[PDB]
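Remarks on the structure that follows.
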Amino acid sequence: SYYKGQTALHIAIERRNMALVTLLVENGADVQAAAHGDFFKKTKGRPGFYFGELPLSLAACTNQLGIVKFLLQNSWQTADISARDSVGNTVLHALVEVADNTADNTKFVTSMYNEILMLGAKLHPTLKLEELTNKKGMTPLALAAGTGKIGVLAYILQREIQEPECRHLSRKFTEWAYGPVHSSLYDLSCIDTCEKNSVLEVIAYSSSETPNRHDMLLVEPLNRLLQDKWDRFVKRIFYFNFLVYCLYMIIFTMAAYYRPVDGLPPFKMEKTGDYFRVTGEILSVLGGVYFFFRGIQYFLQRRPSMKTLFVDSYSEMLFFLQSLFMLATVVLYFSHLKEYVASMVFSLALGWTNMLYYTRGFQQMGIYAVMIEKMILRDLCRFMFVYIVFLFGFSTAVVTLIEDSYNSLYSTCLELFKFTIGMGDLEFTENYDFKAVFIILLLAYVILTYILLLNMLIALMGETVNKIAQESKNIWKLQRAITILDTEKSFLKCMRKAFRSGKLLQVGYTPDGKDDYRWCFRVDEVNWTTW
Amino acid sequence: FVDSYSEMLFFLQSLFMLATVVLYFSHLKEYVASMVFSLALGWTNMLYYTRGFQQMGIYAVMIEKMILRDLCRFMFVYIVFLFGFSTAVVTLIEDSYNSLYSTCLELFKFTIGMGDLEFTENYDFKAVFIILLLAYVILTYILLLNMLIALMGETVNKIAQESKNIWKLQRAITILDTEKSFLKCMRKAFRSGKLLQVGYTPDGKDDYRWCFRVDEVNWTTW
Amino acid sequence: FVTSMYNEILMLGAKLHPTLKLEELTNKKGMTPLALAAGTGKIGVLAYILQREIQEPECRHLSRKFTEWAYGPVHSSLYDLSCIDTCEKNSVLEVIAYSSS
Amino acid sequence: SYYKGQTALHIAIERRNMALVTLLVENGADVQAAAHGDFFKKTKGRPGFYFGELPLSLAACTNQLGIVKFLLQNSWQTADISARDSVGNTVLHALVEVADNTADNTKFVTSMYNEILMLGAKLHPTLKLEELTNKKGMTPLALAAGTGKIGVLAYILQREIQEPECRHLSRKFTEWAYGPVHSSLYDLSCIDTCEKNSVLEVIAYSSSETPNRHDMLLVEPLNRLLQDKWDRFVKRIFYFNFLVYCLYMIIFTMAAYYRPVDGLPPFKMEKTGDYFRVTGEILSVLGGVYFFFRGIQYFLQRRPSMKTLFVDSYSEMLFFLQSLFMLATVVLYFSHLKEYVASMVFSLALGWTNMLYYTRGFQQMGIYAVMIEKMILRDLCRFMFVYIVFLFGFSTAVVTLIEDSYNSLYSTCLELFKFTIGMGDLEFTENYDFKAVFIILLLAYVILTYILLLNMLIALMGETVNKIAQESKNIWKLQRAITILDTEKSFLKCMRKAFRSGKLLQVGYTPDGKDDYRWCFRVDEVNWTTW
Ligand SMILES: CC(C)CCC[C@@H](C)[C@H]1CC[C@H]2[C@@H]3CC=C4C[C@@H](O)CC[C@]4(C)[C@H]3CC[C@]12C
Ligand SMILES: CC(C)CCC[C@@H](C)[C@H]1CC[C@H]2[C@@H]3CC=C4C[C@@H](O)CC[C@]4(C)[C@H]3CC[C@]12C
Ligand SMILES: CC(C)CCC[C@@H](C)[C@H]1CC[C@H]2[C@@H]3CC=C4C[C@@H](O)CC[C@]4(C)[C@H]3CC[C@]12C
Ligand SMILES: CC(C)c1nc2cc(O)ccc2c(=O)n1-c1ccc(C#N)cc1
Ligand SMILES: CC(C)c1nc2cc(O)ccc2c(=O)n1-c1ccc(C#N)cc1
Ligand SMILES: CC(C)c1nc2cc(O)ccc2c(=O)n1-c1ccc(C#N)cc1
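Chains as they are written, first to last, in the deposited numbering: chain A, 198 to 601, 627 to 753; chain B, 507 to 601, 627 to 753; chain C, 305 to 405; chain D, 198 to 601, 627 to 753.
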């Protein structure tokens, strides 16, 4: 099973001998026979090499351009350019998975991808290779975006083939030109709108394990497509949602502020301010109900893996968690428990903290919020672990020294914490023996945490800012891109016609002769060189 | 003390623990004094296990560099100012902070953001008292403390790339220490690699070497 | 310079003294050249010795970095690993780790 | 007077024509005639060009190597290679002043300096050109160090001349050699010991206007000469002075600490602690007298310009000021005034701050102190100016708002200053009208000074650290070098024989044939290339 299905034709291509493969083809050796061996499969837990499980793909994946043309343009036995393995990966799919985003492999794969598309048009004019999907139902374009192959995704998106009768395989066209000025179109098909896997959908709705999902939106069609989606309709809908949440969170703030302080809720209706407060309290629960149902609407439609629900898209959880706090308030309010206030102030504090969601849509706010994110997961977490070891380590030493009031682990942890915030007493208690021991414990704690730990946290954040400053504009654009796609799905949901980016334009001719119309996106470039 | 101070600090805590037992059975109340230093050092010794975690270990390596490169330089100059101005202040104070300890503590509180600036009025020449405190504040708080943050940032910048190599060395010493202590009977179940035929002795005998496998992928040099 | 001069004097020793193993010889301090390079911090020659691959037949047994097999872009390379983690007196890992800073 | 003294021979060399100058020399035109024109002088307040006021130096300063050889190796009229202008600058002096430390000029001057030394040996074997001093009494070597010409100072110090019969003009010799190893000597004459102007003395005792005085000690002979002067004898004398000052400043601390608090000094003698305290008080005045006389000893021997006494050598000023405080203390003590306590606590604080002088002699302490000085002179002054503007403005506004107790400009300046140190009340007074005005004034002050000014001072120091980190090891070495030379002058002062660096060694032969002995400094270098 380790090499099951392997034929002598596989070894000839493996050894890189064009004469040896010719003899086997001449003798009738099977060319479509597939090596369904685990060594030839991915099998990430074991060493091996994946190439597409086909002799034809072996030549393509091993830079054997002649053997690819040999297996297709010969006379004895012509290989199938549309052949799919057990996984269903076409040779185009195999070329995508071989790519590993390094400099040399990208030039390799994007080249071999070109001619095998060029050859297929000459040999199978009516067949469209890229439209074929594997058993996973992913086209090579969708697989490159899914697996993070930015090197070949950039190639496919802005592909232009100069040679006639195969120009219709191109994706980046040209409407016209001038002296220094030329306007170039983009195919834009299966990019923003598609049946199953759009390029924008797969790049945005990734699991954060994708290598270059931030930079995959930087390729030329995607950045301008998302930016114009923002400017056309998404920006105003986002600003409307921002205003509604601000209005909702101010109504909730005033209803909580003017809550009655008498016992045993619910509270009876009196005067005129109670009807205004209950009015604002009804709208608060409605917003809590809306954010509760929008959360499960998010869980059912995207099915998070419980790993990409806390690291990414935690904003969805924190909005859902606030709704949970709001619904718990209503349960406790009608249960006559005073603990409804405890849940209501956590819903109030989290609800106002959730106002930081809308820092995307503003470039300087969004980049700032992306940097705030990086500190918590890179600097604050490391600081707090070491700080809590010191804080709990010295508090237990101090409270053991304290005798017969700070003789409590909580009262001592609070006094030592005040040192962090510039409010350290250093003489908060005198109820002990061994005053020298007490002073040495506090002075050691002060030097280790205040002078050393806190000042070094500032030094570490500056190092974090330096590295992430250039890249944080790409995380923000990804965060806004997810907002752009989420807005489209929620808003239109009836016709999907007013937000159509680009326009249907005649780009060329089908090789049969029919007119091909592609929803194309226009980009104008100016070059003062290459006249 | 420079390297393997973790062994010293773990041994020193044990010395504090054994001194506690000596004083506990000697009927001295000072066993508590030794026991809280054993408690505080024992919890500080919990930072030994920050190795074995990459981001914790690199963080702990950077913490170590500050103490031996930035904190030590700062404390020498700071203590000169602290003791230099405390003696000037406590000498001005008359007939209660008229103690070198009580004045060193008041001037230290300025460092931690708790400086009174009016803690005592028992002196003559109020202008002298204010000029001494304002000079101390500007020299240590505005200048010395803010410059320590500036120096740590320069230390972080230089050691950021290299600190992944000190951590791996620290974990490597832990890896070898674990091997020696754990097995210590057979040394068979933890051996790396495997005996594999690599070639032939020039005489003609088969040579078997415990070899470690590495797989590399190169898309150039076909 | 050194990693070259070290090479041929090993190649020549194989041709001239096939039965003799030069690297196994220890000085009065009881340290082999491999252990001495790790002890004294000679990373330039320690890197050479550890992944030494000699192409010459009849001299290939002096290599320390072998090759199990190969593929188109893929090749698996072995390493001698002898006197590295386990050794009688001075392992490379032991001497590098148990240094004096 | 603008071009007075200029001859036609000057114009021919100016125009760079070797044929034209030949005709004038053939016709008897004066070659030693000097153009004593202000346009040909330095005259930094007016445009011009200085070249040495001689036709021969014009060729040297204008890269006219042939004309230099023409004016010296011809038959009709030979120019004087030892000719000096009105300022007395020899052509070697002129070449030094032309150099401006740029990359191309250094190759220019250090070359032209070489061959004009070549010709002098061949044409005037008994004459020594470099030993000639101008009207200022400075040799070309001393002038290059004085004016900051590091490019040519490096050339002169480590000069090796390959030509036989010209090798005795070299300054960097070679004792022997090995395979990769070779030991090279250095002339070391007029470097550490000289009659008037040593290279070490002039570089160290500069006015801080010299361009590269920090880097002028980095040239190969000077760094190792000063480092070995440190290790031989200066280091232990410095550590002895550090210990004596520590002992003196602790005796002074204890005498001040245990001062009697009764009225009307001097105080009578009782018990046994008063004799111990007066003993410590006698030694305190003696140290004050010693630092007073050492200060004037510094003023008389070096004569500071009152500009290089505050920016550089402020350590001398601060020690002298502490001595002045001590003498004022004695005067007030014997005048029965209580203000001796004020003068003496100022003396105590300044004397303990003076303990930072001895941070030189320790590399890390010295670099740290140099960085502290850079902060004080670069960031702290700017911050204090802007901060004092803000503090005074808002304090005047607040104390004007305050009515009928913080109704004092001092009491309000102190309350607003406490905000800087993390002790700001924000509610220190309620004796006013217009509570909103009071809050807006304080909140504006807090945001402008605490959140903005203080946090940006930390940001500026980090930028200062980044730039000065590499160079601060060179300011420290200069500061230690001044300490090394100061120690030599003070310590030996009788024989100047035990600290002699290097040794008298036979380097070669005088061109006459006599043995030349130079106090030479040995440096051993290892090169594994150039076999
Ligand atoms: C009572 C409420 C308001 C407390 C304050 C809000 C808290 C819960 C919010 C505000 C900022 C949030 C964090 C922002 C960034 C990150 C990094 C991300 O990769 C994981 C989640 C994490 C770590 C978030 C966790 C929840 C968080 C800490
Ligand atoms: C009472 C106890 C807990 C005091 C706090 C723990 C002290 C003793 C520990 C915590 C961190 C430790 C330091 C960590 C880093 C270094 C750098 C190293 O090259 C020398 C030792 C030195 C300087 C350690 C000395 C001891 C140390 C300061
Ligand atoms: C008597 C009390 C106030 C003593 C306090 C110490 C004061 C006076 C000392 C300590 C540090 C010193 C400074 C250190 C560095 C510099 C930079 C230099 O280019 C000019 C002098 C200057 C600005 C010094 C001025 C005096 C100074 C501020
Ligand atoms: C950490 C930032 C400030 C943040 N904090 C939140 C807190 C919440 O309670 C809920 C949601 C958020 C939230 O979305 N962000 C966030 C993240 C990325 C971008 C970008 N680009 C914009 C905003
Ligand atoms: C300074 C750090 C935080 C530290 N502090 C300790 C304190 C003690 O009291 C005892 C031991 C330690 C200790 O080992 N480290 C340390 C050092 C290097 C690495 C790495 N890589 C991991 C941890
Ligand atoms: C600013 C530093 C801390 C300082 N402060 C002083 C304060 C005084 O009151 C008197 C003298 C000094 C003093 O010399 N330095 C200083 C300067 C340079 C070098 C170097 N290299 C070493 C020390």
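Heads up, the beta-carbon is just placed ideally off N, CA and C, and yes, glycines get one too.
- In this structure the stretch 562-578 of chain A lies against the stretch 692-699 of chain A, because at least three pairs of beta carbons, one per stretch, are closer than 8 Å.
- A residue is called buried once 16 or more other Cβ atoms fall within 10 Å of its Cβ, and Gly263 of chain D, having fewer, is exposed.
- When secondary structure is reduced to three states using DSSP, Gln203 of chain A falls in the coil class, being assigned neither helix nor strand.
- The contact set of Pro244 of chain A on chain C, defined by CB atoms closer than 9 Å, consists of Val378 and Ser380 in chain order.
- Along the stretch 259-283 of chain A, the alpha helix (DSSP H) occurs as fully enclosed runs of 4 or more residues at 262-270, listed in sequence order.
- Exclusion of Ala546 of chain B from the 6 Å shell around ligand 5 follows from its C-beta lying no nearer than that to any non-hydrogen atom of the ligand.
- DSSP places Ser481 of chain D outside any beta strand (DSSP E); the residue lies instead in the alpha helix (DSSP H), whose first and last residues are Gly470 to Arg499.
- Taking every protein chain shown into account, the CB of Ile400 of chain D has 16 or more other CB atoms within 10 angstroms, so this residue is buried.
- Put simply, the CB of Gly563 of chain B is far from chain A, with every gap to its CB atoms at 7 Å or more.
- In the displayed model, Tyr436 of chain D falls within a helix according to three-state DSSP.
- Taking the C-beta atoms as reference points, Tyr667 of chain B is found no nearer than 7 Å to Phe660 of chain B.
- For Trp698 of chain D, the closest Cβ of chain B is not nearer than 7 Å.
- Among the residues of the stretch 721-747 of chain B, those with a Cβ less than 9 Å away from any Cβ of chain C are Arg722, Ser723, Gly724, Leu727, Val729, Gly730, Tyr731, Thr732, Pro733, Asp734, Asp738, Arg740, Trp741, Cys742, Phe743, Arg744, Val745, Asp746 and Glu747, in the order of the chain.
- In this structure, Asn677 of chain A has its CB at a distance of at least 6 Å from all heavy atoms of ligand 5.
- Look at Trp698 of chain B: its beta carbon is less than 6 Å from one of the heavy atoms in ligand 5.
- Annotated three-state conformation of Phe650 of chain B is coil, per DSSP.
- Per DSSP, reduced to three states, the secondary structure at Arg740 of chain B is strand.
- For the C-beta of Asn688 of chain D, the chain B residues within less than 7 Å are, from N- to C-terminus, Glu685.
- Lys432 of chain D and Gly558 of chain D have their C-alpha atoms some 7 Å from each other.
- Of all residues in the stretch 447-479 of chain D, those with a C-beta nearer than 8 Å to a C-beta of chain B are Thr450, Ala453, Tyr454, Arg456 and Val458, reading in chain order.
- Taking 7 Å as the threshold, the shortest C-beta distance from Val542 of chain B to chain A falls below it.
- Counting along the chain, the unbroken beta strand (DSSP E) around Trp373 of chain A starts and ends at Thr371 to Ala374.
- Contact annotation: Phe489 of chain D and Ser520 of chain D have beta-carbon atoms nearer than 7 Å.
- When Cβ pairs closer than 8 Å are counted between the two stretches, the stretch 541-551 of chain D is seen not to touch the stretch 672-680 of chain D, the count staying below three.
- Annotation: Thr307 of chain A has no Cβ neighbours in chain C at a cutoff of 7 Å; minimum Cβ distance is about 16 Å.
- Taking the CA atoms as reference points, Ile643 of chain A sits about 50 Å from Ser395 of chain A.
- Taking C-beta separations shorter than 6 Å and ignoring five residues to either side along the sequence, the partners of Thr307 of chain C in its chain run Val349 and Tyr352, following chain order.
- Taking 7 Å as the cut-off, the Cβ atoms of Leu663 of chain B and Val595 of chain B count as close.
- For the stretch 634-688 of chain D, not one full-length beta strand (DSSP E) segment reaches 3 residues or more.
- One thing to note: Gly684 of chain A has its Cβ within 7 Å of the Cβ of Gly684 of chain B.
- Contact note: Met552 of chain B reaches chain A through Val586 and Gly590, using a C-beta cutoff of 9 Å and chain order.
- Look at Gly730 of chain D here: in three-state DSSP terms it is strand.
- Short of 8 Å from the beta carbon of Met572 of chain B, and not among the five residues preceding or following it, lie these beta carbons of its own chain, in chain order: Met683 and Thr686.
- The residue among C:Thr323, C:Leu382, C:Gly376 and C:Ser404 with its C-alpha nearest the C-alpha of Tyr247 of chain A is C:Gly376.
- The DSSP-derived three-state label of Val508 of chain D is coil.
- In the DSSP annotation of this structure, the continuous segment of the alpha helix (DSSP H) that includes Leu338 of chain C starts and ends at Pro337 to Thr344.
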